[PDB]
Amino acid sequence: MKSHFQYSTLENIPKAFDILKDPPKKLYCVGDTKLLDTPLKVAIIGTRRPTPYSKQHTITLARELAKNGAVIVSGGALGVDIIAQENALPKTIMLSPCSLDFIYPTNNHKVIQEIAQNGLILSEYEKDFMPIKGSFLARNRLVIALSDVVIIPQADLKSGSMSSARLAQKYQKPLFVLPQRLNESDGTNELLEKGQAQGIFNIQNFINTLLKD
């Protein structure tokens, strides 16, 4: 799917990426580049197939965080990503797994279009670059590096979310997950079990605690 986006490049690579082994040398952008100056950047990422429960609270988290002046960072994926990003508009930054001349995934075109229009989309890839396994992983590192705090509402084991979670730990980005029932959201519960993430037991509280930092 063609985006018909009119895109350029960032003048400067955000310093957040300096922590990376191989920081992007060039970033392509469409939308509000000033969002990159937001004091509080929060990643919300997770399963492409969230339960009604997780969706419900992903919406509250995104809306309230954006209401309090934070910007939500995600990857525009089906499920958790695109729920969080739509509900954070216009304060949201998407890192694309393809060049900005392409829309991916196709079914998210309306929201992604709105992000291009009122938020910000960034890509490491210049043109005619279709999503490929390595680019999904590559952009995942950018979501984590750019973000100050990482929220994973719901996630399975051995998922991309879990890889991103390990990146968050590597870079000491505070990691929070939604409380989840047994034998569901296995990935996030393992994070809780191993003390690698904190649970969000009260959304308004959680947010005020982030703000007071």
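For every residue, the number given is its place in the sequence shown, counted from 1.
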Average Cα temperature factor in the PDB entry - higher stretch of 120-128, 79-87: 79-87
Mean Cα B factor from the PDB record: higher for 11-19, or higher for 200-208? 200-208
Per the entry, which of 173, 158, 34, 26 tops the list for Cα B factor? 158
So, residue 141's CA B-factor, relative to its chain, sits in which third? The lowest
Sorting by Cα B-factor within the chain, modelled residues only, which third would residue 40 end up in: lowest, middle or highest? middle
Among modelled residues of the same chain, the CA temperature factor third for residue 70: middle
Temperature factor at the Cα of residue 162, chain-ranked in thirds, falls in the highest
Record-listed C-alpha B factor of residue 177: chain third: middle
